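Visitor: Structure file run03.txt (compact mmCIF, C-alpha atoms and all ligand atoms) right here:
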```txt
# COMPACT_ATOMS: atom_id res chain seq x y z
CA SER A 1 14.12 17.51 -8.84
CA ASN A 2 12.42 14.55 -7.18
CA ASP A 3 13.47 11.06 -6.07
CA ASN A 4 11.80 8.45 -8.30
CA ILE A 5 11.63 4.77 -7.32
CA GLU A 6 10.43 2.42 -10.05
CA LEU A 7 7.56 0.09 -9.25
CA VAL A 8 7.29 -3.43 -10.70
CA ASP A 9 3.93 -5.18 -10.97
CA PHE A 10 3.64 -8.73 -9.49
CA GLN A 11 0.95 -10.56 -11.49
CA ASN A 12 -1.43 -7.60 -11.53
CA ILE A 13 -2.31 -8.09 -7.82
CA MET A 14 0.55 -6.21 -6.10
CA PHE A 15 3.59 -4.11 -6.86
CA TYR A 16 7.09 -3.80 -5.39
CA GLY A 17 9.98 -1.37 -5.27
CA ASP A 18 13.60 -1.66 -4.41
CA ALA A 19 15.72 0.08 -1.84
CA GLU A 20 19.07 -0.54 -0.14
CA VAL A 21 20.27 -0.96 3.43
CA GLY A 22 23.93 -0.62 4.53
CA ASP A 23 26.92 1.33 3.22
CA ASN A 24 27.76 -1.71 1.04
CA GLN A 25 24.30 -1.23 -0.64
CA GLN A 26 22.67 -4.57 0.17
CA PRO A 27 19.60 -4.75 -2.19
CA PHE A 28 16.02 -5.49 -1.10
CA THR A 29 12.56 -5.67 -2.62
CA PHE A 30 9.83 -4.02 -0.59
CA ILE A 31 6.11 -3.81 -0.34
CA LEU A 32 5.64 -0.05 -0.05
CA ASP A 33 2.86 0.42 2.46
CA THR A 34 1.25 3.72 3.25
CA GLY A 35 -0.67 1.98 6.06
CA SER A 36 2.32 1.26 8.30
CA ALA A 37 5.25 3.24 9.66
CA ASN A 38 8.21 0.83 10.05
CA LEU A 39 10.89 -0.49 7.72
CA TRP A 40 12.01 -4.09 8.08
CA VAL A 41 14.33 -6.47 6.29
CA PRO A 42 15.04 -10.16 6.94
CA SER A 43 18.41 -10.76 8.65
CA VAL A 44 21.15 -13.30 8.01
CA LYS A 45 20.33 -14.26 11.67
CA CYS A 46 16.85 -15.41 10.55
CA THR A 47 16.03 -18.93 11.76
CA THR A 48 12.88 -19.54 9.67
CA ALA A 49 11.97 -21.17 6.39
CA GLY A 50 10.57 -18.05 4.77
CA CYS A 51 14.00 -16.40 4.82
CA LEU A 52 15.51 -19.14 2.64
CA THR A 53 14.88 -17.48 -0.76
CA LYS A 54 15.17 -13.85 0.37
CA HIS A 55 17.82 -11.15 0.10
CA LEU A 56 19.17 -11.01 3.67
CA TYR A 57 20.68 -8.19 5.72
CA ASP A 58 24.18 -8.56 7.16
CA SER A 59 25.07 -5.79 9.63
CA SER A 60 28.73 -6.96 9.92
CA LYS A 61 29.28 -6.09 6.20
CA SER A 62 28.12 -2.46 6.69
CA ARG A 63 30.49 -0.03 8.47
CA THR A 64 27.57 2.44 8.94
CA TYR A 65 25.61 -0.14 11.00
CA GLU A 66 24.85 1.07 14.57
CA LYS A 67 23.82 -1.68 17.00
CA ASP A 68 20.51 -1.20 18.88
CA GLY A 69 19.15 -4.69 19.66
CA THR A 70 15.82 -3.67 21.26
CA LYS A 71 13.41 -6.61 20.79
CA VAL A 72 10.40 -5.89 18.64
CA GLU A 73 7.39 -7.73 17.25
CA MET A 74 5.59 -6.17 14.26
CA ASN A 75 1.90 -7.20 14.18
CA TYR A 76 -0.03 -6.71 10.95
CA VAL A 77 -3.61 -7.78 10.17
CA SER A 78 -2.18 -10.47 7.89
CA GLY A 79 0.53 -11.73 10.30
CA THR A 80 3.50 -11.04 12.52
CA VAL A 81 7.25 -10.67 12.10
CA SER A 82 9.77 -10.33 14.93
CA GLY A 83 13.35 -9.38 15.44
CA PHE A 84 15.19 -6.36 16.77
CA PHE A 85 16.00 -2.73 16.04
CA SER A 86 19.10 -1.77 14.12
CA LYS A 87 20.29 1.44 12.54
CA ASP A 88 22.04 1.86 9.19
CA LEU A 89 22.18 3.94 6.02
CA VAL A 90 18.98 3.43 3.99
CA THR A 91 18.97 4.53 0.35
CA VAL A 92 15.75 5.09 -1.58
CA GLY A 93 16.18 5.92 -5.27
CA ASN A 94 19.14 8.34 -5.21
CA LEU A 95 18.77 9.58 -1.60
CA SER A 96 20.29 8.25 1.64
CA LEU A 97 19.73 8.70 5.36
CA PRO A 98 20.68 7.02 8.66
CA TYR A 99 17.52 5.19 9.64
CA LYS A 100 16.17 2.97 12.38
CA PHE A 101 14.66 -0.27 11.12
CA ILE A 102 13.77 -3.79 12.27
CA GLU A 103 16.10 -6.70 11.54
CA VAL A 104 13.65 -9.61 11.27
CA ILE A 105 14.71 -13.09 12.53
CA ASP A 106 11.31 -14.89 12.62
CA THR A 107 8.82 -14.79 9.73
CA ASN A 108 6.76 -17.87 10.68
CA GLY A 109 3.86 -15.71 11.82
CA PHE A 110 3.76 -14.16 8.30
CA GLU A 111 3.13 -17.38 6.38
CA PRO A 112 2.01 -18.36 3.88
CA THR A 113 2.14 -14.74 2.48
CA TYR A 114 5.92 -14.38 2.87
CA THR A 115 7.19 -17.62 1.23
CA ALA A 116 4.70 -17.32 -1.65
CA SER A 117 5.43 -13.64 -2.46
CA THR A 118 8.72 -12.27 -3.84
CA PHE A 119 9.21 -9.30 -1.47
CA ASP A 120 11.97 -9.31 1.17
CA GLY A 121 10.53 -6.71 3.52
CA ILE A 122 8.04 -3.92 4.11
CA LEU A 123 8.80 -0.24 3.89
CA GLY A 124 6.21 1.85 5.74
CA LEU A 125 5.03 5.20 4.37
CA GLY A 126 2.75 6.22 7.27
CA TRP A 127 2.83 8.65 10.19
CA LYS A 128 5.30 8.67 13.06
CA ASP A 129 2.77 7.99 15.82
CA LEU A 130 1.81 4.69 14.11
CA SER A 131 5.45 3.46 14.22
CA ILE A 132 6.94 1.17 16.83
CA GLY A 133 10.00 2.92 18.32
CA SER A 134 8.90 6.47 17.48
CA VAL A 135 10.64 6.55 14.06
CA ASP A 136 10.30 9.69 11.94
CA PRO A 137 8.86 8.76 8.48
CA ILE A 138 11.47 8.59 5.72
CA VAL A 139 9.93 11.40 3.65
CA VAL A 140 9.59 13.74 6.65
CA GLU A 141 13.24 13.04 7.50
CA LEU A 142 14.39 13.71 3.91
CA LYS A 143 12.49 17.04 3.87
CA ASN A 144 14.03 18.01 7.25
CA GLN A 145 17.51 17.29 5.79
CA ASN A 146 16.70 19.47 2.74
CA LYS A 147 17.18 16.56 0.39
CA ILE A 148 13.71 17.00 -1.19
CA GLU A 149 11.43 19.96 -1.93
CA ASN A 150 8.23 18.88 -0.09
CA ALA A 151 7.25 16.40 2.61
CA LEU A 152 5.06 14.47 0.22
CA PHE A 153 5.18 11.39 -2.00
CA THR A 154 3.09 10.13 -4.91
CA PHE A 155 2.08 6.79 -6.36
CA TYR A 156 1.68 6.15 -10.07
CA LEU A 157 1.00 2.45 -10.01
CA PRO A 158 2.20 0.06 -12.72
CA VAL A 159 -0.37 -1.51 -15.05
CA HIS A 160 0.28 -5.09 -16.12
CA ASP A 161 1.69 -5.04 -19.68
CA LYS A 162 0.92 -1.30 -20.24
CA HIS A 163 3.64 0.35 -18.10
CA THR A 164 5.78 0.41 -14.95
CA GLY A 165 5.00 2.73 -12.07
CA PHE A 166 6.82 5.13 -9.81
CA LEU A 167 6.86 6.08 -6.18
CA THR A 168 7.97 9.72 -6.39
CA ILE A 169 9.35 11.45 -3.29
CA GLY A 170 9.37 15.22 -2.86
CA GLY A 171 6.97 16.64 -5.42
CA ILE A 172 4.06 16.23 -7.82
CA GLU A 173 4.83 15.52 -11.48
CA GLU A 174 2.27 16.36 -14.18
CA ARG A 175 3.42 13.44 -16.37
CA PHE A 176 1.61 11.01 -14.03
CA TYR A 177 -1.98 12.34 -14.29
CA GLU A 178 -4.70 13.90 -16.43
CA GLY A 179 -7.65 16.10 -15.50
CA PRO A 180 -7.80 17.88 -12.10
CA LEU A 181 -5.93 16.91 -8.96
CA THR A 182 -8.25 17.17 -5.95
CA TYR A 183 -7.01 17.45 -2.36
CA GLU A 184 -8.96 15.70 0.40
CA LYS A 185 -8.18 16.71 3.99
CA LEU A 186 -7.21 13.90 6.37
CA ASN A 187 -9.91 13.13 8.97
CA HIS A 188 -7.43 11.45 11.35
CA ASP A 189 -4.04 12.43 12.86
CA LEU A 190 -2.07 9.32 11.89
CA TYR A 191 -3.80 7.44 9.02
CA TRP A 192 -4.09 8.37 5.36
CA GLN A 193 -7.87 8.45 5.85
CA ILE A 194 -10.40 10.83 4.35
CA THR A 195 -14.14 11.37 4.53
CA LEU A 196 -16.17 10.45 1.45
CA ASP A 197 -19.81 9.60 0.71
CA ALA A 198 -19.85 6.04 -0.63
CA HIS A 199 -22.46 5.13 -3.28
CA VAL A 200 -22.95 1.76 -4.98
CA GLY A 201 -26.15 2.14 -6.99
CA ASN A 202 -29.05 2.47 -4.52
CA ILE A 203 -26.91 1.73 -1.45
CA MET A 204 -25.15 4.72 0.14
CA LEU A 205 -23.06 5.40 3.22
CA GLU A 206 -22.79 9.06 4.24
CA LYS A 207 -19.34 10.39 5.26
CA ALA A 208 -17.59 7.03 5.42
CA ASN A 209 -13.95 6.74 6.47
CA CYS A 210 -11.91 5.91 3.37
CA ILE A 211 -8.34 4.76 3.85
CA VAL A 212 -6.07 5.02 0.82
CA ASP A 213 -3.63 2.13 1.21
CA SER A 214 -0.88 0.95 -1.13
CA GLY A 215 -0.29 -2.35 0.68
CA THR A 216 -3.83 -3.71 0.49
CA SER A 217 -4.53 -5.49 -2.80
CA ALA A 218 -8.35 -5.21 -2.62
CA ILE A 219 -11.16 -2.79 -2.00
CA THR A 220 -12.62 -3.41 1.42
CA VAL A 221 -16.20 -2.65 2.23
CA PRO A 222 -18.28 -2.83 5.48
CA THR A 223 -19.86 -6.32 5.67
CA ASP A 224 -23.47 -5.09 5.91
CA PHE A 225 -22.95 -2.78 2.91
CA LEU A 226 -21.32 -5.67 1.02
CA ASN A 227 -24.17 -8.07 1.79
CA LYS A 228 -26.59 -5.49 0.39
CA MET A 229 -24.39 -5.14 -2.74
CA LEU A 230 -24.20 -8.88 -3.41
CA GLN A 231 -27.90 -9.66 -2.93
CA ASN A 232 -29.30 -10.96 -6.27
CA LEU A 233 -25.99 -10.13 -8.03
CA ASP A 234 -25.35 -13.74 -9.24
CA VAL A 235 -21.91 -14.01 -7.59
CA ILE A 236 -20.74 -17.04 -5.58
CA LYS A 237 -18.45 -17.16 -2.54
CA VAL A 238 -15.33 -19.34 -2.70
CA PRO A 239 -15.52 -22.07 0.00
CA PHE A 240 -13.42 -21.14 3.07
CA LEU A 241 -12.24 -17.81 1.69
CA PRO A 242 -13.62 -14.24 1.76
CA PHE A 243 -13.75 -13.94 -2.06
CA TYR A 244 -16.60 -13.92 -4.56
CA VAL A 245 -16.53 -15.23 -8.08
CA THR A 246 -18.62 -14.01 -11.00
CA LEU A 247 -18.97 -14.21 -14.76
CA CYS A 248 -16.69 -11.43 -16.05
CA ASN A 249 -19.46 -9.91 -18.14
CA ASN A 250 -22.09 -9.96 -15.35
CA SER A 251 -24.21 -6.91 -16.28
CA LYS A 252 -25.34 -6.42 -12.68
CA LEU A 253 -21.88 -5.62 -11.30
CA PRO A 254 -22.02 -2.10 -9.88
CA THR A 255 -19.75 0.98 -9.99
CA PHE A 256 -18.39 2.40 -6.74
CA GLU A 257 -18.83 6.14 -6.54
CA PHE A 258 -17.14 8.07 -3.75
CA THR A 259 -17.83 11.81 -3.43
CA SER A 260 -16.78 14.91 -1.53
CA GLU A 261 -17.72 18.53 -2.12
CA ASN A 262 -14.33 18.71 -3.86
CA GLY A 263 -14.38 15.63 -6.09
CA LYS A 264 -15.91 12.47 -7.47
CA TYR A 265 -14.06 9.14 -7.80
CA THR A 266 -15.56 6.06 -9.46
CA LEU A 267 -14.52 2.42 -9.59
CA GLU A 268 -16.06 0.41 -12.42
CA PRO A 269 -16.03 -3.43 -12.59
CA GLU A 270 -13.07 -3.54 -14.99
CA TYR A 271 -10.94 -2.06 -12.16
CA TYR A 272 -12.03 -4.46 -9.41
CA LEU A 273 -12.28 -7.66 -11.42
CA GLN A 274 -9.50 -10.22 -11.69
CA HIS A 275 -9.67 -12.82 -14.48
CA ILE A 276 -9.33 -16.41 -13.32
CA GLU A 277 -9.53 -18.20 -16.74
CA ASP A 278 -7.43 -21.09 -15.37
CA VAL A 279 -10.13 -21.74 -12.71
CA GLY A 280 -12.87 -21.51 -15.33
CA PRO A 281 -13.68 -19.83 -18.69
CA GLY A 282 -15.27 -16.34 -18.55
CA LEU A 283 -14.81 -16.34 -14.73
CA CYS A 284 -13.60 -13.45 -12.59
CA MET A 285 -12.86 -12.87 -8.91
CA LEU A 286 -14.05 -9.65 -7.28
CA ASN A 287 -11.17 -7.79 -5.62
CA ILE A 288 -13.48 -6.81 -2.81
CA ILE A 289 -13.49 -8.01 0.82
CA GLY A 290 -16.02 -7.37 3.58
CA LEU A 291 -14.38 -5.85 6.69
CA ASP A 292 -15.89 -4.18 9.75
CA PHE A 293 -13.97 -1.41 11.44
CA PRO A 294 -15.43 0.10 14.63
CA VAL A 295 -16.55 3.04 12.43
CA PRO A 296 -17.79 2.24 8.90
CA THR A 297 -14.71 2.28 6.69
CA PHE A 298 -13.61 1.43 3.15
CA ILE A 299 -10.02 0.60 2.22
CA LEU A 300 -9.23 2.09 -1.18
CA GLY A 301 -6.42 -0.25 -1.97
CA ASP A 302 -4.43 -1.21 -5.04
CA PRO A 303 -7.47 -1.38 -7.36
CA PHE A 304 -8.38 2.25 -6.57
CA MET A 305 -4.73 3.33 -6.92
CA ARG A 306 -4.35 1.60 -10.33
CA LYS A 307 -6.99 4.00 -11.65
CA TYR A 308 -6.09 7.05 -9.56
CA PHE A 309 -2.74 8.76 -9.15
CA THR A 310 -2.38 9.67 -5.48
CA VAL A 311 -0.45 12.26 -3.49
CA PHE A 312 0.30 11.76 0.22
CA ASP A 313 1.07 15.12 1.69
CA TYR A 314 2.38 15.31 5.25
CA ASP A 315 2.83 19.14 5.33
CA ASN A 316 -0.77 19.81 4.18
CA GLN A 317 -2.25 16.75 5.92
CA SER A 318 -4.12 15.55 2.87
CA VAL A 319 -4.43 13.04 0.08
CA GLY A 320 -4.47 14.30 -3.47
CA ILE A 321 -6.42 12.29 -6.05
CA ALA A 322 -6.26 12.44 -9.90
CA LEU A 323 -6.96 10.15 -12.84
CA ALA A 324 -3.68 8.33 -13.65
CA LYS A 325 -2.40 8.84 -17.22
CA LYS A 326 -3.04 5.62 -19.13
CA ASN A 327 0.59 5.75 -20.38
CA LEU A 328 3.93 7.48 -19.90
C1 LIG B 401 1.04 -1.32 11.63
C2 LIG B 401 -0.04 -1.04 12.68
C3 LIG B 401 0.37 -0.67 13.97
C4 LIG B 401 -0.56 -0.40 14.96
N1 LIG B 401 -0.11 -0.03 16.34
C5 LIG B 401 -0.72 -0.80 17.48
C6 LIG B 401 0.95 1.00 16.53
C7 LIG B 401 1.10 1.54 17.99
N2 LIG B 401 2.47 2.07 18.20
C8 LIG B 401 2.53 3.29 19.06
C9 LIG B 401 3.33 1.03 18.73
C10 LIG B 401 -1.94 -0.51 14.66
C11 LIG B 401 -2.36 -0.88 13.39
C12 LIG B 401 -3.89 -0.99 13.12
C13 LIG B 401 -1.40 -1.15 12.38
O1 LIG B 401 -1.84 -1.55 11.08
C14 LIG B 401 -1.81 -2.96 10.96
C15 LIG B 401 -1.94 -3.39 9.48
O2 LIG B 401 -1.69 -4.49 9.14
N3 LIG B 401 -2.39 -2.41 8.47
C16 LIG B 401 -2.52 -2.86 7.03
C17 LIG B 401 -3.76 -2.18 6.36
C18 LIG B 401 -5.07 -2.68 7.00
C19 LIG B 401 -5.55 -2.10 8.17
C20 LIG B 401 -6.75 -2.56 8.74
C21 LIG B 401 -7.46 -3.58 8.13
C22 LIG B 401 -6.98 -4.17 6.95
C23 LIG B 401 -5.80 -3.72 6.38
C24 LIG B 401 -1.20 -2.52 6.26
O3 LIG B 401 -1.02 -1.16 6.01
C25 LIG B 401 -1.14 -3.40 5.00
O4 LIG B 401 -1.47 -2.99 3.94
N4 LIG B 401 -0.74 -4.81 5.08
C26 LIG B 401 -0.13 -5.78 6.33
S1 LIG B 401 1.02 -6.55 5.67
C27 LIG B 401 0.84 -6.22 3.97
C28 LIG B 401 1.03 -7.46 3.08
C29 LIG B 401 1.76 -5.03 3.52
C30 LIG B 401 -0.70 -5.65 3.87
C31 LIG B 401 -1.79 -6.74 3.87
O5 LIG B 401 -2.07 -7.39 4.81
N5 LIG B 401 -2.43 -6.97 2.55
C32 LIG B 401 -3.43 -8.05 2.35
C33 LIG B 401 -4.88 -7.59 2.55
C34 LIG B 401 -5.48 -6.83 3.59
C35 LIG B 401 -6.86 -6.56 3.53
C36 LIG B 401 -7.62 -7.03 2.44
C37 LIG B 401 -7.01 -7.81 1.42
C38 LIG B 401 -5.63 -8.08 1.48
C39 LIG B 401 -4.71 -8.87 0.51
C40 LIG B 401 -3.31 -8.43 0.88
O6 LIG B 401 -2.92 -7.30 0.09
```
Can I see the file as structure tokens?
Ligand SMILES: Cc1cc(N(C)CCN(C)C)cc(C)c1OCC(=O)N[C@@H](Cc1ccccc1)[C@H](O)C(=O)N1CSC(C)(C)[C@H]1C(=O)N[C@H]1c2ccccc2C[C@H]1O
Guide:
Amino acid sequence: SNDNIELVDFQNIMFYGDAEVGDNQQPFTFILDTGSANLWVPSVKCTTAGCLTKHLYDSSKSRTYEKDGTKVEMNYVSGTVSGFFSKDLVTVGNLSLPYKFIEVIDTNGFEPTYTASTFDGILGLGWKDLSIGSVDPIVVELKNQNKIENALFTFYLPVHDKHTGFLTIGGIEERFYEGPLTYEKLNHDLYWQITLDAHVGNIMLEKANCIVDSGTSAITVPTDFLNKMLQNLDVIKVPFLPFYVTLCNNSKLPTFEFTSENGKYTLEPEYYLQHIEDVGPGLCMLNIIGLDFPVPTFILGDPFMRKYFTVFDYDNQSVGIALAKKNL
């Protein structure tokens, strides 16, 4: 059997899951992020305003706590947290392991994201060589300890109103998907990144890097490619922000089509549009952001993963992709 962690939707933009730290089972809510490779929780030693409404970690209450204290700063694209390393029993679903994590004491570099969102910490689901402190990934460690069948995990993302989701550790369950499951070989050692041809109508990018990322709540697109997409599309940019607004029923809005020799994955407007009726009637925001990597790259974030069930397979160094079942 497999370890199943339930995923709760947060206003159709993101999702969260719970896990515990300490032998007294101190509860936390996590962003589960395939794009990073460290676990962190806010500490009772936290000095900053963000920590005020969070579940906090108290090492003195856990008899399995092992002191480390090495200083560490965790830099993400959207901000920084700092604190120090600690080690304790981490439990995910019904499995436990001793695990090295970051006790965060300063979250001021992660504002306003942190105070506005209802997560306590971030649980990384990436590769070891992307971690600070050379930490073996949780799922690799669980496999090594014979607590799961395979060194893989899967995401069946919740759909607002329709159903909850699951992060499943250790194997692939048929209940989550329909049609074929296609495996795409990783093109990098330490990112969940695959090679796909990216088509949006006339515009194409041959053999683009495509990162499948659970922690990114948009599709990201190279800026040049995006500028070509938005030309004559009747969308308007929000002042001061990298977001475009449209009429929801704008007939011009294209369908993303990513292809390999193995498979074909499409993303229609209904999957990348976000209603903003409160802002104005019949108005939608595109969940699409222009971003230039050194090599042309798309991030296939939460909107892609809402449509597609995904398998992250360490042993076979690949990402599996299938159409998510509309219900459970
Ligand atoms: C950890 C790390 C270490 C090293 N190093 C140096 C390691 C070296 N080691 C040996 C010490 C080098 C790198 C690059 C690295 O990755 C940094 C990192 O931030 N990666 C992001 C993915 C990404 C990557 C590139 C460009 C955009 C996004 C992460 O996985 C994620 O998903 N994050 C951050 S925190 C969050 C909230 C979980 C969510 C995030 O920011 N989400 C926001 C976002 C982002 C883009 C577009 C829209 C939106 C809306 C919102 O969802």
Visitor: Ligand LIG 401 (chain B): which residues are within 9 Å, counting all atoms listed in the file, as a ChimeraX atom specification?
Guide: /A:13-14,31-38,74-80,110,113-114,121-126,128-134,211,213-220,287-293,299,301-302
Visitor: Quick one, how far is CA of residue 276 (chain A) from CA of residue 200 (chain A)?
Guide: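 Taking CA of residue 276 (chain A) as the start and CA of residue 200 (chain A) as the end point, the length is 24.2 Å.
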Visitor: How many Å separate CA of residue 41 (chain A) from CA of residue 88 (chain A)?
Guide: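 These two atoms are separated by 11.7 Å.
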Visitor: Once 4 Å is added on each side, what centre and edge lengths in Å to one decimal does the axis-aligned box around all listed atoms of region 198-214 of chain A have, as JSON?
Guide:
```
{"center_x": -15.0, "center_y": 5.7, "center_z": -0.3, "size_x": 36.2, "size_y": 17.4, "size_z": 21.5}
```
Visitor: Suppose you want the space between CA of residue 167 (chain A) and CA of residue 257 (chain A); what is it in Å?
Guide: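 Computed distance, CA of residue 167 (chain A) to CA of residue 257 (chain A), equals 25.7 Å.
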Visitor: Identify which of the residues A:307, A:147, A:237, A:325 lies closest to residue 170 (chain A), counting only C-alpha atoms when measuring atom-to-atom distances.
Guide: A:147
Visitor: Which protein, DNA or RNA residues are at most 12 Å from (27.4, 3.7, 17.8) in the file's coordinates when you count all atoms listed in the file, listed as number ranges by chain?
Guide: A: 63-69, 86-88, 98
